[PDB]
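Visitor: Next comes the structure file data_32.cif, holding mmCIF, N, CA and C atoms.
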```
data_query
loop_
_atom_site.label_atom_id
_atom_site.label_comp_id
_atom_site.auth_asym_id
_atom_site.auth_seq_id
_atom_site.Cartn_x
_atom_site.Cartn_y
_atom_site.Cartn_z
N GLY W 1 -66.32 77.28 -62.28
CA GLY W 1 -66.79 76.17 -63.13
C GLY W 1 -65.93 76.05 -64.37
N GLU W 2 -65.16 74.97 -64.50
CA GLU W 2 -64.14 74.79 -65.54
C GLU W 2 -64.55 73.75 -66.60
N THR W 3 -64.12 73.97 -67.85
CA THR W 3 -64.48 73.16 -69.03
C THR W 3 -63.67 71.87 -69.21
N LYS W 4 -62.69 71.60 -68.34
CA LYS W 4 -61.76 70.45 -68.44
C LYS W 4 -62.49 69.10 -68.37
N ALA W 5 -63.54 69.00 -67.55
CA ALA W 5 -64.39 67.81 -67.45
C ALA W 5 -65.16 67.54 -68.75
N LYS W 6 -65.79 68.58 -69.33
CA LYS W 6 -66.44 68.51 -70.65
C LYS W 6 -65.44 68.10 -71.74
N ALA W 7 -64.29 68.77 -71.81
CA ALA W 7 -63.25 68.51 -72.80
C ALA W 7 -62.70 67.07 -72.75
N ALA W 8 -62.59 66.46 -71.56
CA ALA W 8 -62.17 65.06 -71.43
C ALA W 8 -63.20 64.08 -72.02
N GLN W 9 -64.48 64.20 -71.67
CA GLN W 9 -65.55 63.39 -72.28
C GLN W 9 -65.64 63.63 -73.80
N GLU W 10 -65.52 64.89 -74.21
CA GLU W 10 -65.62 65.32 -75.60
C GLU W 10 -64.44 64.83 -76.44
N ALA W 11 -63.27 64.58 -75.85
CA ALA W 11 -62.15 63.98 -76.57
C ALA W 11 -62.49 62.57 -77.09
N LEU W 12 -62.98 61.67 -76.23
CA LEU W 12 -63.39 60.31 -76.62
C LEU W 12 -64.67 60.34 -77.46
N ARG W 13 -65.66 61.15 -77.07
CA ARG W 13 -66.92 61.29 -77.80
C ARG W 13 -66.70 61.72 -79.25
N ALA W 14 -65.88 62.74 -79.46
CA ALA W 14 -65.51 63.20 -80.80
C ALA W 14 -64.75 62.12 -81.57
N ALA W 15 -63.88 61.35 -80.91
CA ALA W 15 -63.17 60.23 -81.54
C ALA W 15 -64.14 59.16 -82.09
N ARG W 16 -65.26 58.90 -81.41
CA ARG W 16 -66.32 57.99 -81.88
C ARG W 16 -67.14 58.58 -83.04
N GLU W 17 -67.28 59.90 -83.12
CA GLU W 17 -67.92 60.61 -84.24
C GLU W 17 -67.04 60.67 -85.51
N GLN W 18 -65.76 61.04 -85.35
CA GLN W 18 -64.79 61.23 -86.45
C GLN W 18 -64.24 59.93 -87.06
N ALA W 19 -64.33 58.81 -86.32
CA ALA W 19 -63.84 57.51 -86.76
C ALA W 19 -64.47 57.09 -88.10
N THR W 20 -63.65 57.02 -89.15
CA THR W 20 -64.07 56.86 -90.55
C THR W 20 -64.53 55.44 -90.93
N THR W 21 -64.37 54.48 -90.02
CA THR W 21 -64.75 53.06 -90.18
C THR W 21 -65.73 52.64 -89.08
N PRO W 22 -66.77 51.84 -89.42
CA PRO W 22 -67.77 51.33 -88.48
C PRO W 22 -67.16 50.44 -87.39
N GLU W 23 -66.06 49.74 -87.71
CA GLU W 23 -65.36 48.86 -86.78
C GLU W 23 -64.66 49.64 -85.66
N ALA W 24 -64.22 50.86 -85.95
CA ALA W 24 -63.68 51.77 -84.95
C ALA W 24 -64.79 52.39 -84.09
N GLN W 25 -65.91 52.79 -84.69
CA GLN W 25 -67.00 53.48 -83.97
C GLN W 25 -67.55 52.63 -82.80
N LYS W 26 -67.75 51.33 -83.04
CA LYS W 26 -68.20 50.36 -82.01
C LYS W 26 -67.10 50.02 -80.99
N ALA W 27 -65.84 50.00 -81.43
CA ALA W 27 -64.68 49.68 -80.60
C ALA W 27 -64.36 50.77 -79.57
N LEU W 28 -64.54 52.04 -79.93
CA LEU W 28 -64.38 53.19 -79.03
C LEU W 28 -65.44 53.22 -77.93
N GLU W 29 -66.67 52.84 -78.28
CA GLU W 29 -67.80 52.72 -77.36
C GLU W 29 -67.53 51.73 -76.21
N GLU W 30 -66.72 50.69 -76.48
CA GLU W 30 -66.37 49.66 -75.49
C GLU W 30 -65.65 50.24 -74.27
N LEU W 31 -64.67 51.12 -74.49
CA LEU W 31 -63.93 51.78 -73.41
C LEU W 31 -64.87 52.67 -72.58
N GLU W 32 -65.70 53.47 -73.26
CA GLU W 32 -66.63 54.45 -72.66
C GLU W 32 -67.64 53.81 -71.70
N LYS W 33 -67.98 52.53 -71.87
CA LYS W 33 -68.91 51.81 -70.99
C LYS W 33 -68.28 51.60 -69.61
N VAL W 34 -66.96 51.44 -69.58
CA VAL W 34 -66.15 51.38 -68.36
C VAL W 34 -65.92 52.76 -67.78
N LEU W 35 -65.52 53.74 -68.60
CA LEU W 35 -65.28 55.11 -68.13
C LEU W 35 -66.56 55.75 -67.57
N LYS W 36 -67.74 55.31 -68.03
CA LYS W 36 -69.03 55.71 -67.44
C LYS W 36 -69.14 55.36 -65.95
N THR W 37 -68.42 54.33 -65.51
CA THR W 37 -68.29 53.89 -64.11
C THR W 37 -67.03 54.43 -63.41
N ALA W 38 -66.11 55.05 -64.16
CA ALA W 38 -64.80 55.47 -63.67
C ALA W 38 -64.84 56.88 -63.02
N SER W 39 -63.80 57.22 -62.27
CA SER W 39 -63.73 58.45 -61.46
C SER W 39 -63.33 59.66 -62.31
N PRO W 40 -63.85 60.88 -62.04
CA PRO W 40 -63.65 62.04 -62.91
C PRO W 40 -62.18 62.47 -63.02
N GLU W 41 -61.39 62.29 -61.95
CA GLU W 41 -59.96 62.61 -61.95
C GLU W 41 -59.20 61.70 -62.93
N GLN W 42 -59.47 60.39 -62.85
CA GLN W 42 -58.91 59.38 -63.74
C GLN W 42 -59.44 59.52 -65.17
N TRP W 43 -60.64 60.06 -65.35
CA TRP W 43 -61.22 60.33 -66.66
C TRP W 43 -60.36 61.30 -67.47
N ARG W 44 -59.83 62.37 -66.85
CA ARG W 44 -58.90 63.30 -67.53
C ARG W 44 -57.58 62.62 -67.85
N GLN W 45 -57.04 61.87 -66.89
CA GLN W 45 -55.80 61.11 -67.06
C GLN W 45 -55.89 60.09 -68.21
N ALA W 46 -57.03 59.40 -68.32
CA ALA W 46 -57.30 58.44 -69.38
C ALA W 46 -57.57 59.13 -70.72
N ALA W 47 -58.51 60.07 -70.79
CA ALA W 47 -58.95 60.65 -72.06
C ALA W 47 -57.77 61.30 -72.81
N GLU W 48 -56.77 61.81 -72.08
CA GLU W 48 -55.53 62.33 -72.66
C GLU W 48 -54.80 61.27 -73.52
N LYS W 49 -54.57 60.05 -73.00
CA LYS W 49 -53.89 58.98 -73.76
C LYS W 49 -54.83 58.36 -74.78
N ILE W 50 -56.11 58.19 -74.43
CA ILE W 50 -57.14 57.65 -75.33
C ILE W 50 -57.16 58.46 -76.63
N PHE W 51 -57.21 59.78 -76.50
CA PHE W 51 -57.28 60.69 -77.64
C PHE W 51 -55.94 60.89 -78.34
N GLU W 52 -54.83 60.83 -77.59
CA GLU W 52 -53.49 60.78 -78.17
C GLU W 52 -53.33 59.55 -79.07
N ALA W 53 -53.86 58.37 -78.72
CA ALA W 53 -53.73 57.19 -79.55
C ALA W 53 -54.23 57.42 -80.99
N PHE W 54 -55.40 58.04 -81.14
CA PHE W 54 -55.98 58.33 -82.45
C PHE W 54 -55.14 59.35 -83.23
N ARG W 55 -54.43 60.24 -82.53
CA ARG W 55 -53.49 61.20 -83.11
C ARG W 55 -52.23 60.51 -83.60
N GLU W 56 -51.75 59.52 -82.86
CA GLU W 56 -50.54 58.79 -83.21
C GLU W 56 -50.80 57.80 -84.34
N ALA W 57 -51.83 56.96 -84.22
CA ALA W 57 -52.17 55.95 -85.22
C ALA W 57 -52.45 56.57 -86.59
N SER W 58 -53.13 57.72 -86.60
CA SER W 58 -53.39 58.45 -87.85
C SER W 58 -52.13 59.04 -88.50
N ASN W 59 -51.09 59.31 -87.70
CA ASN W 59 -49.76 59.69 -88.17
C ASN W 59 -48.88 58.46 -88.55
N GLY W 60 -49.38 57.24 -88.32
CA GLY W 60 -48.75 55.95 -88.64
C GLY W 60 -48.19 55.20 -87.44
N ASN W 61 -48.52 55.62 -86.21
CA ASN W 61 -47.99 55.09 -84.96
C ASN W 61 -48.95 54.09 -84.31
N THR W 62 -49.39 53.06 -85.02
CA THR W 62 -50.23 52.00 -84.42
C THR W 62 -49.59 51.40 -83.16
N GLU W 63 -48.28 51.15 -83.19
CA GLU W 63 -47.51 50.57 -82.07
C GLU W 63 -47.43 51.48 -80.83
N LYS W 64 -47.44 52.80 -81.02
CA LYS W 64 -47.50 53.78 -79.93
C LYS W 64 -48.94 54.01 -79.49
N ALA W 65 -49.85 54.26 -80.42
CA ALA W 65 -51.25 54.49 -80.12
C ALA W 65 -51.85 53.37 -79.27
N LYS W 66 -51.48 52.12 -79.55
CA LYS W 66 -51.97 50.97 -78.77
C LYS W 66 -51.48 51.01 -77.31
N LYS W 67 -50.26 51.51 -77.08
CA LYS W 67 -49.62 51.63 -75.76
C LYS W 67 -50.26 52.76 -74.94
N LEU W 68 -50.57 53.91 -75.57
CA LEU W 68 -51.37 54.99 -74.98
C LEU W 68 -52.74 54.47 -74.53
N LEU W 69 -53.41 53.69 -75.38
CA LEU W 69 -54.72 53.09 -75.09
C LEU W 69 -54.69 52.19 -73.85
N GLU W 70 -53.68 51.32 -73.78
CA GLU W 70 -53.43 50.47 -72.62
C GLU W 70 -53.16 51.30 -71.35
N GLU W 71 -52.37 52.37 -71.47
CA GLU W 71 -51.95 53.20 -70.34
C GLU W 71 -53.14 53.93 -69.70
N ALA W 72 -54.00 54.50 -70.54
CA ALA W 72 -55.22 55.15 -70.10
C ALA W 72 -56.19 54.18 -69.44
N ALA W 73 -56.38 53.01 -70.05
CA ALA W 73 -57.26 51.98 -69.51
C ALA W 73 -56.80 51.52 -68.13
N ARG W 74 -55.51 51.25 -67.96
CA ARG W 74 -54.94 50.83 -66.66
C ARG W 74 -55.06 51.93 -65.61
N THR W 75 -54.97 53.20 -66.04
CA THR W 75 -55.20 54.37 -65.17
C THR W 75 -56.66 54.49 -64.72
N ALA W 76 -57.62 54.33 -65.64
CA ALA W 76 -59.05 54.34 -65.34
C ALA W 76 -59.59 53.02 -64.72
N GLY W 77 -58.74 51.98 -64.60
CA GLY W 77 -59.07 50.68 -64.02
C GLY W 77 -59.84 49.72 -64.94
N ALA W 78 -59.72 49.89 -66.26
CA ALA W 78 -60.50 49.20 -67.27
C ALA W 78 -59.95 47.81 -67.69
N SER W 79 -60.81 47.04 -68.35
CA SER W 79 -60.65 45.62 -68.67
C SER W 79 -59.65 45.31 -69.80
N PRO W 80 -58.95 44.16 -69.77
CA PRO W 80 -58.17 43.69 -70.92
C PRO W 80 -59.06 43.46 -72.15
N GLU W 81 -60.34 43.12 -71.93
CA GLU W 81 -61.34 42.92 -72.98
C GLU W 81 -61.71 44.22 -73.73
N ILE W 82 -61.79 45.38 -73.06
CA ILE W 82 -62.01 46.67 -73.74
C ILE W 82 -60.72 47.24 -74.32
N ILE W 83 -59.58 46.96 -73.67
CA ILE W 83 -58.25 47.42 -74.10
C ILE W 83 -57.98 46.90 -75.50
N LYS W 84 -58.18 45.59 -75.72
CA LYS W 84 -57.95 44.95 -77.02
C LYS W 84 -58.98 45.40 -78.08
N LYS W 85 -60.23 45.62 -77.66
CA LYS W 85 -61.34 46.08 -78.52
C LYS W 85 -61.03 47.45 -79.12
N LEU W 86 -60.71 48.44 -78.28
CA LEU W 86 -60.36 49.79 -78.71
C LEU W 86 -59.01 49.79 -79.43
N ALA W 87 -57.95 49.23 -78.83
CA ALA W 87 -56.61 49.25 -79.42
C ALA W 87 -56.57 48.64 -80.85
N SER W 88 -57.44 47.67 -81.17
CA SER W 88 -57.59 47.10 -82.52
C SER W 88 -58.02 48.15 -83.57
N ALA W 89 -58.83 49.14 -83.18
CA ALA W 89 -59.22 50.26 -84.03
C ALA W 89 -58.01 51.13 -84.42
N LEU W 90 -57.06 51.31 -83.51
CA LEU W 90 -55.83 52.05 -83.77
C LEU W 90 -54.93 51.31 -84.76
N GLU W 91 -54.94 49.98 -84.75
CA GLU W 91 -54.15 49.19 -85.70
C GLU W 91 -54.64 49.33 -87.14
N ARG W 92 -55.96 49.47 -87.34
CA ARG W 92 -56.51 49.83 -88.65
C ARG W 92 -56.39 51.32 -88.99
N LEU W 93 -56.46 52.24 -88.02
CA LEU W 93 -56.50 53.70 -88.29
C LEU W 93 -55.27 54.21 -89.07
N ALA W 94 -54.13 53.55 -88.89
CA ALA W 94 -52.90 53.81 -89.65
C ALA W 94 -53.02 53.41 -91.14
N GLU W 95 -53.48 52.19 -91.43
CA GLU W 95 -53.64 51.70 -92.81
C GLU W 95 -54.91 52.22 -93.52
N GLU W 96 -55.92 52.64 -92.75
CA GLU W 96 -57.15 53.29 -93.24
C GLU W 96 -56.87 54.63 -93.94
N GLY W 97 -55.73 55.26 -93.62
CA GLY W 97 -55.28 56.51 -94.24
C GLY W 97 -55.72 57.76 -93.47
N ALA W 98 -55.67 57.68 -92.13
CA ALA W 98 -56.11 58.71 -91.18
C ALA W 98 -57.62 59.05 -91.23
N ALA W 99 -58.05 59.86 -90.26
CA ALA W 99 -59.42 60.37 -90.14
C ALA W 99 -59.41 61.91 -90.18
N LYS W 100 -59.57 62.50 -91.37
CA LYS W 100 -59.40 63.95 -91.62
C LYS W 100 -60.42 64.82 -90.87
N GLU W 101 -61.59 64.27 -90.54
CA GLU W 101 -62.59 64.93 -89.69
C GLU W 101 -62.09 65.17 -88.25
N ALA W 102 -61.15 64.37 -87.74
CA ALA W 102 -60.60 64.55 -86.39
C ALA W 102 -60.01 65.95 -86.18
N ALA W 103 -59.39 66.52 -87.23
CA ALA W 103 -58.76 67.83 -87.19
C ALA W 103 -59.77 68.95 -86.89
N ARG W 104 -60.91 68.98 -87.60
CA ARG W 104 -61.99 69.96 -87.37
C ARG W 104 -62.85 69.64 -86.15
N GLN W 105 -63.01 68.36 -85.80
CA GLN W 105 -63.75 67.95 -84.60
C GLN W 105 -63.01 68.36 -83.31
N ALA W 106 -61.67 68.33 -83.33
CA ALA W 106 -60.82 68.80 -82.24
C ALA W 106 -60.84 70.33 -82.05
N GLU W 107 -61.13 71.14 -83.08
CA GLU W 107 -61.15 72.61 -82.93
C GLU W 107 -62.18 73.09 -81.90
N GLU W 108 -63.36 72.46 -81.84
CA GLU W 108 -64.36 72.73 -80.80
C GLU W 108 -63.80 72.45 -79.39
N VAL W 109 -63.12 71.32 -79.20
CA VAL W 109 -62.57 70.90 -77.90
C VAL W 109 -61.41 71.81 -77.47
N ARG W 110 -60.58 72.26 -78.42
CA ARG W 110 -59.49 73.22 -78.21
C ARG W 110 -59.99 74.61 -77.80
N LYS W 111 -61.02 75.14 -78.47
CA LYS W 111 -61.58 76.49 -78.20
C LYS W 111 -62.44 76.55 -76.94
N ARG W 112 -63.28 75.54 -76.68
CA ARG W 112 -64.32 75.57 -75.63
C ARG W 112 -64.74 74.23 -75.02
N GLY W 113 -64.72 73.17 -75.82
CA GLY W 113 -65.34 71.89 -75.50
C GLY W 113 -66.38 71.56 -76.58
N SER W 114 -67.51 72.26 -76.53
CA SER W 114 -68.57 72.25 -77.55
C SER W 114 -69.33 73.58 -77.59
N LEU W 115 -69.91 73.90 -78.75
CA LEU W 115 -70.83 75.03 -78.93
C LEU W 115 -72.17 74.89 -78.21
N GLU W 116 -72.64 73.65 -78.02
CA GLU W 116 -73.97 73.35 -77.51
C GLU W 116 -73.96 72.08 -76.63
N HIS W 117 -74.87 72.00 -75.66
CA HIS W 117 -75.07 70.82 -74.80
C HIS W 117 -76.08 69.84 -75.42
N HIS W 118 -77.28 70.33 -75.77
CA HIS W 118 -78.31 69.61 -76.53
C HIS W 118 -79.27 70.60 -77.23
N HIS W 119 -80.00 70.13 -78.25
CA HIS W 119 -80.99 70.95 -78.98
C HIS W 119 -82.20 70.15 -79.52
N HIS W 120 -82.02 68.88 -79.90
CA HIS W 120 -83.10 68.03 -80.42
C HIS W 120 -84.05 67.55 -79.31
N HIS W 121 -85.36 67.71 -79.54
CA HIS W 121 -86.44 67.23 -78.66
C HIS W 121 -87.70 66.76 -79.43
N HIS W 122 -87.83 67.13 -80.71
CA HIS W 122 -88.98 66.84 -81.59
C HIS W 122 -88.52 66.57 -83.04
#
```
As structure tokens, please, write out the structure in this file.

Guide:
Amino acid sequence: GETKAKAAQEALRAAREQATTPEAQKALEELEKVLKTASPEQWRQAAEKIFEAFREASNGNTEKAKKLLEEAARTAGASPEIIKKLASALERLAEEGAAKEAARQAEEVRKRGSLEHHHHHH
């Protein structure tokens, strides 16, 4: 039983948590509605470029990050309508001045995936 499946979902999920602007948080959710229907093999192939885009755009690579976003979407079989929705968040992420929480949010995914599956019930 391998953590690679958890780490792929957790890459995009953490990107929606760490996104410092409300316009990015809703835009990342758009891709995930398609990936919820997408195949687990393609999910790893996609989440790699999806999460690389946020790494590039925060370093000032809006033009590269948008291309990674398109590449992952075309790999997962996703819509031009979600591609533009998510990729627009990368165009602001460069001028927004990066998302410093991404660095510590990625440490969980690098070490294990996550510390916990769920805990809240009451």

Visitor: If you apply the PyMOL selection byres ((chain W and resi 5-16) around 7) to this file, what residues do you get, as a PDB file with N, CA and C atoms, in the frame of the given file?

Guide:
```pdb
ATOM      1  N   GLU W   2     -65.160  74.970 -64.500  1.00  0.00           N
ATOM      2  CA  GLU W   2     -64.140  74.790 -65.540  1.00  0.00           C
ATOM      3  C   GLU W   2     -64.550  73.750 -66.600  1.00  0.00           C
ATOM      4  N   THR W   3     -64.120  73.970 -67.850  1.00  0.00           N
ATOM      5  CA  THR W   3     -64.480  73.160 -69.030  1.00  0.00           C
ATOM      6  C   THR W   3     -63.670  71.870 -69.210  1.00  0.00           C
ATOM      7  N   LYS W   4     -62.690  71.600 -68.340  1.00  0.00           N
ATOM      8  CA  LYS W   4     -61.760  70.450 -68.440  1.00  0.00           C
ATOM      9  C   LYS W   4     -62.490  69.100 -68.370  1.00  0.00           C
ATOM     10  N   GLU W  17     -67.280  59.900 -83.120  1.00  0.00           N
ATOM     11  CA  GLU W  17     -67.920  60.610 -84.240  1.00  0.00           C
ATOM     12  C   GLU W  17     -67.040  60.670 -85.510  1.00  0.00           C
ATOM     13  N   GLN W  18     -65.760  61.040 -85.350  1.00  0.00           N
ATOM     14  CA  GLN W  18     -64.790  61.230 -86.450  1.00  0.00           C
ATOM     15  C   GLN W  18     -64.240  59.930 -87.060  1.00  0.00           C
ATOM     16  N   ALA W  19     -64.330  58.810 -86.320  1.00  0.00           N
ATOM     17  CA  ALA W  19     -63.840  57.510 -86.760  1.00  0.00           C
ATOM     18  C   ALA W  19     -64.470  57.090 -88.100  1.00  0.00           C
ATOM     19  N   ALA W  24     -64.220  50.860 -85.950  1.00  0.00           N
ATOM     20  CA  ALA W  24     -63.680  51.770 -84.950  1.00  0.00           C
ATOM     21  C   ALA W  24     -64.790  52.390 -84.090  1.00  0.00           C
ATOM     22  N   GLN W  25     -65.910  52.790 -84.690  1.00  0.00           N
ATOM     23  CA  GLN W  25     -67.000  53.480 -83.970  1.00  0.00           C
ATOM     24  C   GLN W  25     -67.550  52.630 -82.800  1.00  0.00           C
ATOM     25  N   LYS W  26     -67.750  51.330 -83.040  1.00  0.00           N
ATOM     26  CA  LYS W  26     -68.200  50.360 -82.010  1.00  0.00           C
ATOM     27  C   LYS W  26     -67.100  50.020 -80.990  1.00  0.00           C
ATOM     28  N   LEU W  28     -64.540  52.040 -79.930  1.00  0.00           N
ATOM     29  CA  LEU W  28     -64.380  53.190 -79.030  1.00  0.00           C
ATOM     30  C   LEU W  28     -65.440  53.220 -77.930  1.00  0.00           C
ATOM     31  N   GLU W  29     -66.670  52.840 -78.280  1.00  0.00           N
ATOM     32  CA  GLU W  29     -67.800  52.720 -77.360  1.00  0.00           C
ATOM     33  C   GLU W  29     -67.530  51.730 -76.210  1.00  0.00           C
ATOM     34  N   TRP W  43     -60.640  60.060 -65.350  1.00  0.00           N
ATOM     35  CA  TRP W  43     -61.220  60.330 -66.660  1.00  0.00           C
ATOM     36  C   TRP W  43     -60.360  61.300 -67.470  1.00  0.00           C
ATOM     37  N   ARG W  44     -59.830  62.370 -66.850  1.00  0.00           N
ATOM     38  CA  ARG W  44     -58.900  63.300 -67.530  1.00  0.00           C
ATOM     39  C   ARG W  44     -57.580  62.620 -67.850  1.00  0.00           C
ATOM     40  N   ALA W  47     -58.510  60.070 -70.790  1.00  0.00           N
ATOM     41  CA  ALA W  47     -58.950  60.650 -72.060  1.00  0.00           C
ATOM     42  C   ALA W  47     -57.770  61.300 -72.810  1.00  0.00           C
ATOM     43  N   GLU W  48     -56.770  61.810 -72.080  1.00  0.00           N
ATOM     44  CA  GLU W  48     -55.530  62.330 -72.660  1.00  0.00           C
ATOM     45  C   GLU W  48     -54.800  61.270 -73.520  1.00  0.00           C
ATOM     46  N   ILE W  50     -56.110  58.190 -74.430  1.00  0.00           N
ATOM     47  CA  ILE W  50     -57.140  57.650 -75.330  1.00  0.00           C
ATOM     48  C   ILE W  50     -57.160  58.460 -76.630  1.00  0.00           C
ATOM     49  N   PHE W  51     -57.210  59.780 -76.500  1.00  0.00           N
ATOM     50  CA  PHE W  51     -57.280  60.690 -77.640  1.00  0.00           C
ATOM     51  C   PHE W  51     -55.940  60.890 -78.340  1.00  0.00           C
ATOM     52  N   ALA W 102     -61.150  64.370 -87.740  1.00  0.00           N
ATOM     53  CA  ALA W 102     -60.600  64.550 -86.390  1.00  0.00           C
ATOM     54  C   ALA W 102     -60.010  65.950 -86.180  1.00  0.00           C
ATOM     55  N   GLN W 105     -63.010  68.360 -85.800  1.00  0.00           N
ATOM     56  CA  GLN W 105     -63.750  67.950 -84.600  1.00  0.00           C
ATOM     57  C   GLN W 105     -63.010  68.360 -83.310  1.00  0.00           C
ATOM     58  N   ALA W 106     -61.670  68.330 -83.330  1.00  0.00           N
ATOM     59  CA  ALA W 106     -60.820  68.800 -82.240  1.00  0.00           C
ATOM     60  C   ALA W 106     -60.840  70.330 -82.050  1.00  0.00           C
ATOM     61  N   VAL W 109     -63.120  71.320 -79.200  1.00  0.00           N
ATOM     62  CA  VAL W 109     -62.570  70.900 -77.900  1.00  0.00           C
ATOM     63  C   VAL W 109     -61.410  71.810 -77.470  1.00  0.00           C
ATOM     64  N   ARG W 112     -63.280  75.540 -76.680  1.00  0.00           N
ATOM     65  CA  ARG W 112     -64.320  75.570 -75.630  1.00  0.00           C
ATOM     66  C   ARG W 112     -64.740  74.230 -75.020  1.00  0.00           C
ATOM     67  N   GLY W 113     -64.720  73.170 -75.820  1.00  0.00           N
ATOM     68  CA  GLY W 113     -65.340  71.890 -75.500  1.00  0.00           C
ATOM     69  C   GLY W 113     -66.380  71.560 -76.580  1.00  0.00           C
ATOM     70  N   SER W 114     -67.510  72.260 -76.530  1.00  0.00           N
ATOM     71  CA  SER W 114     -68.570  72.250 -77.550  1.00  0.00           C
ATOM     72  C   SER W 114     -69.330  73.580 -77.590  1.00  0.00           C
TER      73      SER W 114
END
```

Visitor: Mind checking DSSP for chain W and telling me the helix (DSSP H, G or I) residues as a PyMOL selection string?

Guide: chain W and resi 4-18+22-35+40-58+62-76+80-95+101-111

Visitor: So which one's closest to residue 62 of chain W, W:90, W:115, W:99, W:33? Using only N, CA and C atoms, please.

Guide: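 When distances to residue 62 of chain W are compared using only N, CA and C atoms, the smallest one comes from W:90.
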
Visitor: Which distance in Å separates atom CA of residue 21 of chain W and atom C of residue 53 of chain W, to one decimal?

Guide: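 Atom CA of residue 21 of chain W sits 14.6 Å away from atom C of residue 53 of chain W.
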
Visitor: Could you pull the residues within 8 Å of residue 57 of chain W, counting only N, CA and C atoms, minus those fewer than 5 positions along the same chain, as a list in words?

Guide: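 Contacts, with the query itself left out: residues 52, 62, 63, 64, 65, 66, 89, 90, 91, 92, 93, 94, 95, 97, 98 and 99 of chain W.
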
Visitor: Given the file above and the PyMOL selection byres (((chain W and resi 82 and name CA) around 12) and name CA), which residues are selected, and can you give them as a list in words?

Guide: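 Selection result, ordered by chain and number: residues 26, 27, 28, 29, 30, 31, 32, 33, 34, 35, 69, 70, 72, 73, 74, 76, 77, 78, 79, 80, 81, 83, 84, 85, 86, 87, 88 and 89 of chain W.
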
Visitor: I'd like the interatomic distance between atom CA of residue 100 of chain W and atom N of residue 118 of chain W, to a tenth of an Å.

Guide: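 These atoms are spaced 24.7 Å apart.
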
Visitor: Could you jot down the atom C of residue 116 of chain W to atom N of residue 37 of chain W separation for me, Å, one decimal place?

Guide: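 A separation of 21.7 Å between them.
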
Visitor: Considering all atoms listed in the file, can you say which of W:56, W:107, W:96, W:75 comes closest to residue 42 of chain W?

Guide: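 For residue 42 of chain W, the nearest of the candidates is W:75.
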
Visitor: Please, what is the axis-aligned box for every listed atom of segment 40-43 of chain W with 5 Å on each side, as centre and edge lengths in Å to one decimal, as lines of an AutoDock Vina configuration file?

Guide:
```
center_x = -61.4
center_y = 61.0
center_z = -64.7
size_x = 14.9
size_y = 13.2
size_z = 15.5
```

Visitor: May I ask which of the residues W:49, W:40, W:55, W:20 is the closest one to residue 103 of chain W, counting only C-alpha atoms?

Guide: W:55

Visitor: Please rebuild segment 34-44 of chain W with N, CA, C and O atoms and return the result as a short mmCIF file (atom, residue, chain, number, x, y, z; two decimals), keeping the file's coordinate frame.

Guide:
```cif
data_model
loop_
_atom_site.label_atom_id
_atom_site.label_comp_id
_atom_site.auth_asym_id
_atom_site.auth_seq_id
_atom_site.Cartn_x
_atom_site.Cartn_y
_atom_site.Cartn_z
N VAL W 34 -66.96 51.44 -69.58
CA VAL W 34 -66.15 51.38 -68.36
C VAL W 34 -65.92 52.76 -67.78
O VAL W 34 -66.14 52.96 -66.59
N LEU W 35 -65.52 53.74 -68.60
CA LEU W 35 -65.28 55.11 -68.13
C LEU W 35 -66.56 55.75 -67.57
O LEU W 35 -66.48 56.59 -66.68
N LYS W 36 -67.74 55.31 -68.03
CA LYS W 36 -69.03 55.71 -67.44
C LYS W 36 -69.14 55.36 -65.95
O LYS W 36 -69.86 56.04 -65.21
N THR W 37 -68.42 54.33 -65.51
CA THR W 37 -68.29 53.89 -64.11
C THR W 37 -67.03 54.43 -63.41
O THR W 37 -66.89 54.27 -62.19
N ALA W 38 -66.11 55.05 -64.16
CA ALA W 38 -64.80 55.47 -63.67
C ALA W 38 -64.84 56.88 -63.02
O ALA W 38 -65.81 57.63 -63.18
N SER W 39 -63.80 57.22 -62.27
CA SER W 39 -63.73 58.45 -61.46
C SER W 39 -63.33 59.66 -62.31
O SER W 39 -62.50 59.51 -63.21
N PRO W 40 -63.85 60.88 -62.04
CA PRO W 40 -63.65 62.04 -62.91
C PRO W 40 -62.18 62.47 -63.02
O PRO W 40 -61.75 62.94 -64.07
N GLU W 41 -61.39 62.29 -61.95
CA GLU W 41 -59.96 62.61 -61.95
C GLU W 41 -59.20 61.70 -62.93
O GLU W 41 -58.44 62.17 -63.78
N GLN W 42 -59.47 60.39 -62.85
CA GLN W 42 -58.91 59.38 -63.74
C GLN W 42 -59.44 59.52 -65.17
O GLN W 42 -58.74 59.16 -66.11
N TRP W 43 -60.64 60.06 -65.35
CA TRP W 43 -61.22 60.33 -66.66
C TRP W 43 -60.36 61.30 -67.47
O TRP W 43 -60.11 61.05 -68.65
N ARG W 44 -59.83 62.37 -66.85
CA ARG W 44 -58.90 63.30 -67.53
C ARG W 44 -57.58 62.62 -67.85
O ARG W 44 -57.08 62.74 -68.98
#
```
